[PDB]
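Student: Here is the input, now give the coordinates:
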Amino acid sequence: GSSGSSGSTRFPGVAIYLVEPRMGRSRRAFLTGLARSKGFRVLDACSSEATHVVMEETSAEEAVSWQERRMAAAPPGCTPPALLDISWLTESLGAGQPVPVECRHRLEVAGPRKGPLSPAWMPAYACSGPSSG
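Tutor: Numbers count the residues shown, from 1 in each chain. Here you go:
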């Protein structure tokens, strides 16, 4: 409380890493330092240690695209880091501790859709049929 020393992050097992083309060179620092103060280890360069990746304004699928690059320059057996959004981080910082990842956080896709967007629905006066009695 009074002193100001540091050696081993509170949660070393969890290493959060941000993206340049996703966070920026200036902004990155903002969180980079903020987290460190809370109790999170920020990695400068993409390293196997990286367990969680922080992406801002990234689509569930988009994240994956950037994840591929890892497996490309990553060693065998090494498990890929869980791609999450800024929401997760923010919630963590405000909590002082790394919250447990959740579906919403996980950034993944599957069986995507295609085509334009339109209602193509029917109005109220779009019902008919015979009757008796």
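Student: residues near residue 9, how many?
Tutor: 16 (other C-beta atoms under 10 Å). Every C-beta, even on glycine, is put in place using the N, C-alpha and C of the backbone.
Student: From the opening residue of stretch 2-16 to its closing one, how far?
Tutor: 27 Å (C-alpha to C-alpha, to the nearest Å).
Student: isn't residue 15 right next to residue 50, touching?
Tutor: Yes: using C-beta atoms under 8 Å, residue 15 makes contact with residue 50 at a distance of 5.4 Å.
Student: Identify the contacts common to the two.
Tutor: residue 43 (C-beta atoms under 8 Å, 6 or more residues apart in numbering).
Student: what's the residue nearest the centre of the chain in contact with, if anything?
Tutor: Geometric centre of the chain, nearest residue: residue 84, 1.6 Å, by C-alpha atoms, centre = their mean. If you count contacts by C-beta under 8 Å, 6+ apart, residue 84 has them with 52, 53, 54, 55, 101, 105, 106, 107.
Student: Recalculate using a threshold of 6 Å.
Tutor: 52, 105 (C-beta atoms under 6 Å, 6 or more residues apart in numbering).
Student: that's a strand at it, yeah?
Tutor: Yes: assigned with DSSP: H, G, I helix; E, B strand; the rest coil, residue 84 falls within a strand.
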